[PDB]
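Any value given below was found using the heavy atoms of this structure, including those in side chains, with hydrogens, waters and symmetry copies removed. Labels below follow one simple rule: chain letters A, B, ... track the order of the sequence lines, proteins then strands, and each chain is numbered from 1.
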Amino acid sequence: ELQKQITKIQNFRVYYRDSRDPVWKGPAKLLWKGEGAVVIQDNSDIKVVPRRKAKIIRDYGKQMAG
Amino acid sequence: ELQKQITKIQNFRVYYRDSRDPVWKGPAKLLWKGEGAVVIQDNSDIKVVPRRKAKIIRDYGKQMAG
Amino acid sequence: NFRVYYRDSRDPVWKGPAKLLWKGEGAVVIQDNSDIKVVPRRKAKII
Amino acid sequence: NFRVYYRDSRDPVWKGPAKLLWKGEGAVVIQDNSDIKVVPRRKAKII
Amino acid sequence: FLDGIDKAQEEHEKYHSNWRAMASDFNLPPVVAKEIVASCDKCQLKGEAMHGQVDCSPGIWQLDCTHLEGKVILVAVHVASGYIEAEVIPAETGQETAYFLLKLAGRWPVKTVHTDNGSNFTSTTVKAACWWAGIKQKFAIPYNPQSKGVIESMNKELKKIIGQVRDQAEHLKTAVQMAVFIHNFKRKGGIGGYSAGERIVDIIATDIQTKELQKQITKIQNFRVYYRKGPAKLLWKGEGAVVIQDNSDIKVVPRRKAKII
Amino acid sequence: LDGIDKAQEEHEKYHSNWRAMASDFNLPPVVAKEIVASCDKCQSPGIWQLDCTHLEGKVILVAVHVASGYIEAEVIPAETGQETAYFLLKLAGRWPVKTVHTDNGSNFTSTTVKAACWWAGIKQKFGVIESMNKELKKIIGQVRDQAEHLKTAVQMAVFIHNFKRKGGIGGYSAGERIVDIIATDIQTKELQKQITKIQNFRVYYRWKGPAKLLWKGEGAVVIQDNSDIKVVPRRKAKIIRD
Amino acid sequence: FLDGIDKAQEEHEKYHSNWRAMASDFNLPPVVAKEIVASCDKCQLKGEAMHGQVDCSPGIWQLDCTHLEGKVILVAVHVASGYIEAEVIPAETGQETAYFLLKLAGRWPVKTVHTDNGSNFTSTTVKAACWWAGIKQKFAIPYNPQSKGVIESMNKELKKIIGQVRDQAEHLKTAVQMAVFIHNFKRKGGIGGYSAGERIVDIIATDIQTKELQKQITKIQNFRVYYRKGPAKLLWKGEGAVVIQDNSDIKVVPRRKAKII
Amino acid sequence: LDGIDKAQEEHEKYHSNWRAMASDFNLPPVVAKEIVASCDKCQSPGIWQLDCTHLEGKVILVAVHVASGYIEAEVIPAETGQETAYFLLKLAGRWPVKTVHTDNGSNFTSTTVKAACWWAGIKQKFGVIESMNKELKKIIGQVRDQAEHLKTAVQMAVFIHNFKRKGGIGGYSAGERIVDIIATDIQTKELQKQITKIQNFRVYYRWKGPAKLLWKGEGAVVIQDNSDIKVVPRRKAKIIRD
DNA sequence: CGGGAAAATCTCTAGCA
DNA sequence: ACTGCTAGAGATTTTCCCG
DNA sequence: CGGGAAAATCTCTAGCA
DNA sequence: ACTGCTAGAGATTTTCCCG
Ligand SMILES: Nc1c(C(=O)NCc2ccc(F)cc2F)c(=O)n(O)c2ncc(CCCCCCO)cc12
Ligand SMILES: Nc1c(C(=O)NCc2ccc(F)cc2F)c(=O)n(O)c2ncc(CCCCCCO)cc12
Ligand SMILES: [Mg+2]
Ligand SMILES: [Mg+2]
Ligand SMILES: [Mg+2]
Ligand SMILES: [Mg+2]
Ligand SMILES: [Zn+2]
Ligand SMILES: [Zn+2]
């Protein structure tokens with residue numbers, strides 16, 4: 001039930017930016033998706049990012065490679 | 001004789017740049033001055049810099065502070 | 001309170017001081033003589 | 001030998017290939033149809 | 001410093017010297033010299049050296065008009081993916097822009113558009129089209145092209161591709177469509193190593209899938225978490241950390257000093 | 001890795017596709033595809049269909065995505081090959097279009113349309129369109145009073161059909177369905193790409209006979225030898241190209 | 001890859017796809033796709049993303065003309081120090097530029113000037129003035145203002161200062177001289193925390209002093225050093241390192257594997 | 001640090017300035033100045049002198065740096081206060097000009113010149129100029145044939161005088177001398193600045209009576225107490241502001 | 001583990017009126 | 001109350017590959 | 001050694017047609 | 001064969017200062 005959906009959501013990759021950094025940070029793991037905020041985990045670091053600074057994909061090249 | 005002149009020459013400060021770096025490197029110590037090249041020492045590192053990339057001063061604020 | 005000195009519309013001159021009404025990331029909202037303007041923070045200085 | 005593709009004088013178009021006669025830091029000297037040009041390396045690509 | 005300060009103030013009123021000069025020439029602390037400069041309106045001529053960041057939400061589109069060979073090309077870009085749409089139009093008219101936008105809204109899920117303040121984009125016809133299509137309008141700060149930097153860059157990119165294929169088409173409209181095709185499906189890069197079309201499909205499908213998944217999870221997972229405070233709704237937990245939403249303020253706390261009911 | 005044996009047993013019992021088994025048993029999709037395609041007993045997104053209709057003396061060119069019901073319709077000045085070629089080039093630039101079905105009309109068989117298809121890499125072949133045209137005409141009749149011109153009403157109808165009309169198995173709309181179908185097509189193309197990369201390799205493990213390569217990941221190396229999938233560590237295997 | 005390569009070449013001839021796209025869509029190594037792109041003249045539309053560095057020798061001056069309030073201001077800058085000279089002139093004439101340059105050469109040790117290719121700077125009168133004053137002329141690459149970036153920046157700076165003091169002067173020439181004064185002696189910063197005038201005095205005095213010191217040292221210190229080679233002239237030694245000049249090629253060697261006679 | 005005692009002995013024996021002793025005994029210039037100025041028995045760069053001359057019906061305005069012999073001369077349209085003010089503002093912007101000596105002429109005593117001096121911070125006061133004018137006229141006569149106009153000949157003469165004429169104690173030129181003198185003036189101003197910063201401090205060492213501060217460097221703290229300069233480590237001293 | 005080649009990431013720039 | 005970016009040419013660092 | 005305030009260094013941008 | 005830079009507004013890191 002819940003655990004399968006949870007793992008499915010963590011299967012999504014997130015590219016984000018910070019307030020003053022113009023470089024997009026690498027593909028963090030998605031944990032929660034809200035209306036205006038997204039909760040991600042980037043190398044054992046949990047961050048909360050505004051929706052306006054987050055691109056959430058799946059990366060199909062990679063899903064199909066493992 | 002020679003040693004006094006040598007120390008006097010090392011008393012001069014050099015600000016230099018490298019070929020691909022747009023940032024001027026800090027005040028290295030001047031060791032030799034040539035027609036087109038300058039030999040400097042920057043933190044126990046001896047470098048040879050083209051004359052076109054070297055600003056040699058004395059820094060009078062500092063000579064007069066020690 | 002803050003003093004804002006800005007540059008609004010293709011005018012190379014700088015104006016101010018103006019009352020800072022709002023501050024965001026990359027833009028500010030100011031009031032200069034009962035006229036509210038929105039200026040990118042690149043073209044503004046807040047003191 | 002090298003192929004140089006450049007941009008010389010206020011022309012947004014890119015020309016080339018040309019023979020690279022000389023390479024320096026920040027500029028190159030090339031020959032395009034018996035015409036020698038000096039182009040900043042910002043406006044040139046060498047292959 | 002009273003004497004030195006008063007001397008420095010007159011010196012600045014004459015010369016508008018910077019804080020370093022007055023500190024050196026009147027034996028002033030850097031704070032006092034900086035205060036002297038900061039109190040002169042004639043020296044406030046520079047803004048802070050940063051940049052903002054445009055909105056990148058999945059429903060965000062940036063629209064602009066560019067000019068090529070004496071003709072007008074109306075271009076939209078999906079900011080999240082870089083997927084472009086472009087059409088050559090007879091004139092920079094409000095009805096033409098409204099028709100373009102109605103087409104775009106009927107073909108893709110457009111929730112808001114970001115345009116500059118050109119006359120066509122500010123027309124009442126475009127406003128009515130946006131109202132009918134349920135599109136919000138965000139207008140950039142006037143004379144600030146950076147506010148729509150994405151589309152601006154795309155403009156350049158689009159024109160570049162046109163310059164590569166102009167000989168393959170006799171009209172400009174056909175070359176514009178060729179360039180749109182090439183950008184959307186023949187250029188690969190970006191976050192996923194994608195094309196723009198692949199990336200936009202991924203972005204939209206991911207939005208739908210994540211929405212449905214989170215809806216089901218919040219339907220099943222139902223807990224209230226106390227920490228350190230009120231009954232914050234549970235959002236996520238694990239690995240010694242719990243993310244909660246207390247009074248519409250999402251925050252991360254360690255698993256220690258936290259109870260879940 | 002560990003779940004290959006369970007996956008083969010599950011496939012033998014139910015003949016399930018690779019996606020379900022790859023999701024259930026945490027296997028890379030290449031291995032799941034291999035065990036799906038190793039049993040002889042267990043053995044669209046790019047096709048659009050176009051037609052020109054008429055309403056109020058205006059010819060409307062309509063393309064339908066067959067798999068999803070997605071529509072792209074616009075009013076063209078005249079039923080001419082040039083307008084059809086422009087419409088098709090636009091559609092190919094907006095969506096992945098591979099095959100187009102037409103009705104041997106004068107415009108669709110023109111040299112301009114053929115040249116456009118050749119440039120865009122679209123294949124030309126000569127009942128969904130009739131029902132879709134009927135639904136589009138119904139929607140246009142419903143929203144005609146909201147627009148002065150026919151082109152705007154057509155675009156409003158396209159908007160309503162693609163995003164404001166919901167039905168089917170899951171109660172989705174046509175736009176949602178087309179995005180899902182194209183995402184699946186992207187996944188299929190990526191999987192085929194990876195199979196193409198790894199089909200040219202040969203693995204010698206433990207040395208035994210040549211074997212095809214399936215996976216080379218973080219844990220170990222998964223290969224297939226004599227219709228039997230095995231897993232071996234790196235140092236116990238040698239991967240070469242033939 | 002022969003089949004995939006030939007397919008990719010036709011695909012590129014149609015669409016000019018980048019190496020990533022053809023590698024992804026024809027199963028090509030990145031080297032082969034990059035070679036396919038690199039062999040198409042229609043895709044060579046970008047230069048390398050770097051910058052050069054202007055000459056900063058002590059005798060280097062950069063000259064330019066700027067325009068303010070319908071009048072012409074001829075500006076020179078000493079690149080090493082940032083010390084400026086400026087004069088308002090009736091017209092952008094060759095004789096006016098030659099007179100300005102003769103004044104500059106008579107007031108400071110000018111060894112060469114770096115100007116763009118404006119008509120006044122390329123005039124025969126300026127050439128004769130430079131020949132009489134012993135000044136070499138280095139002309140920038142045409143339509144490349146960055147080649148004289150220093151003076152360009154100074155232009156902006158100079159104008160800024162004029163904008164600060166324009167009310168203190170009724171003519172523009174007086175305000176220009178006020179701005180020159182303020183820049184040269186009332187603005188502090190740079191390498192030595194200096195003003196431009198202090199820095200130029202330091203640069204020139206240091207050049208003279210270092211020249212005389214090195215002349216005396218080379219007069220006294222006279223040795224030949226062998227390393228690893230021929231009798232390289234000794235330049236400097238100490239701290240386990242010896243800097244020598246072998247066949248007009250200055251090089252640093254460790255004290256080990258080196259003999260001094 | 002260690003050389004203070006030797007420096008005082010050397011000063012008592014020869015009454016040498018601080019620069020020589022600071023160079024010889026490696027002391028900071030503040031300490032050398034202090035021991036130079038502590039003996040009662042041991043007790044220009046900004047002054048320019050201007051005049052208007054006449055040649056070929058043209059008035060040439062000449063400023064001389066008295067200390068060095070450096071000249072700035074140019075042909076002005078008329079012997080008027082406005083031209084003099086413009087010339088002086090230019091000179092003040094090009095060199096550090098503090099005092100100007102004139103000859104009570106109509107132009108030099110004008111309100112425009114006074115206002116220019118007030119803005120530029122130049123003091124006005126009312127034989128070198130005569131000799132300098134003679135030398136300038138001689139050089140102009142020598143190089144007149146090389147220029148059609150008088151202004152160009154004047155500038156050529158200024159060039160020759162400032163850089164191509166060498167003489168004096170060291171065989172230098174006027175430009176070299178003026179750069180040396182201004183560099184020395186910069187050093188003097190910096191030393192005075194530092195003395196001004198450190199004269200407002202009081203040091204209590206070992207605690208003993210209040211002492212003035214001389215140096216606070218890398219090694220230790222050098223102070224003066226009861227006309228006797230001492231050196232103490234940081235933790236054995238306390239520096240405060242009064 | 002040692003290099004070595006290939007991939008990946010980082011740096012930086014023009015052009016977008 | 002809104003907001004520079006994007007894609008390519010090199011340069012430098014990481015990673016995979018076999019012994 | 002521990003913070004804390006002041007200085008110094010680093011980052012980054014507009015304007016120079 | 002020639003060549004972006006400069007100065008100011010913040011931000012972050014180093015250094016001096018006293019216990
Ligand atoms: N100057 C315009 C630019 C433009 O300078 N680009 C270059 C450009 C420069 C920097 C950058 F970071 C991005 C860029 F792109 C541009 O791109 N577009 O689109 C424009 N469109 C409309 C109008 C005029 C609007 C009518 C008056 C409205 C007043 O409220 C002006 C422009
Ligand atoms: N465009 C000129 C600029 C100029 O764009 N500045 C802005 C500018 C932009 C970028 C930069 F990095 C530095 C800059 F300053 C400039 O500054 N000056 O001085 C110029 N001077 C003369 C001529 C025309 C020369 C006559 C034709 C010669 C052909 O051989 C053009 C220019
Ligand atoms: Mg626009
Ligand atoms: Mg634009
Ligand atoms: Mg110029
Ligand atoms: Mg210029
Ligand atoms: Zn001021
Ligand atoms: Zn190409």
* Would you classify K43(C) as touching base, sugar-phosphate or nothing, given that sugar-phosphate means primed atoms plus P, OP1 and OP2, and contacts are heavy atoms under 4.0 Å? => nothing
* On a plain distance test, is the side chain of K160(G) in donor-acceptor contact with the base of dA7(L) below 3.5 Å? -> no
* To do: For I46(C), report the nucleic acid contact type (base, sugar-phosphate, nothing); a contact means any heavy atom under 4.0 Å.
  => sugar-phosphate
* To do: State, yes or no, whether a side-chain contact exists between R41(D) and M50(G) at a heavy-atom distance under 4.5 Å.
  => yes
* What's the CG-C1' distance between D18(B) and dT3(L), to the nearest Å? -> 15 Å
* Is the shortest side-chain N/O distance from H183(E) to OP1 or OP2 of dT6(J) below 4.0 Å? -> no
* Asked: Out of curiosity, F2(C) CZ to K19(C) NZ, how far, rounded to the nearest 0.5 Å?
  -> 12.0 Å
* Asked: Quick one: is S153(G) getting a side-chain N or O under 4.0 Å of the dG15(K) phosphate, OP1 or OP2?
  -> no
* Short side-chain N/O contact from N18(G) to OP1 or OP2 of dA7(J), under 4.0 Å -> no
* **Per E48(E) side chain, nearest of listed nucleotides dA7(L), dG10(L), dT3(J)** => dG10(L)
* Asked: Can you list the stems that include DNA chain I, where a stem is three or more consecutive Watson-Crick or G-U pairs with distances under 3.5 Å?
  -> I:1-16 with J:4-19
* Which part of the nucleic acid, if any, lies within contact of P12(C), taking any heavy atom under 4.0 Å across all strands shown: a base, the sugar-phosphate backbone alone, or nothing? -> nothing
* Is any side-chain nitrogen or oxygen of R42(D) closer than 4.0 Å to OP1 or OP2 of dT3(L)? -> no
* Given atom NZ of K148(G) and atom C1' of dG15(K), what is their separation to the nearest angstrom? -> 13 Å
* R10(D) near the nucleic acid: base, sugar-phosphate alone, or nothing, with a heavy-atom cut-off under 4.0 Å? -> nothing
* To do: Choose from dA7(K), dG4(L), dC5(J) the nucleotide whose nearest atom is closest to any side-chain atom of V150(E).
  => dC5(J)
* Look at all strands and tell whether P29(G) reaches a base, only sugar-phosphate, or nothing, counting heavy atoms closer than 4.0 Å. => nothing
* Phosphate contact (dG15(K) OP1 or OP2) by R7(C) side-chain N/O below 4.0 Å -> yes
* Does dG15(K) have OP1 or OP2 sitting under 4.0 Å from an N or O in the side chain of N155(G)? -> no
* Structure fact -> Sugar of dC16(K), judged by the sign of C1'-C2'-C3'-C4' (positive north, negative south), puckers north
* To do: Considering only NZ, NE, NH1 and NH2 on the basic side and carboxylate oxygens on the acidic side, decide whether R20(B) and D18(B) come within less than 4.0 Å.
  => no
Pairs: protein N or O with nucleotides 15-19 of chain L N or O, under 3.5 Å:
residue	atom	partner	partner atom	Å
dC17(L)	OP1	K216(H)	NZ	3.1

* Structure fact -> All heavy atoms of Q62(G) vs all of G149(G), minimum pair found to be OE1-N, 4.1 Å
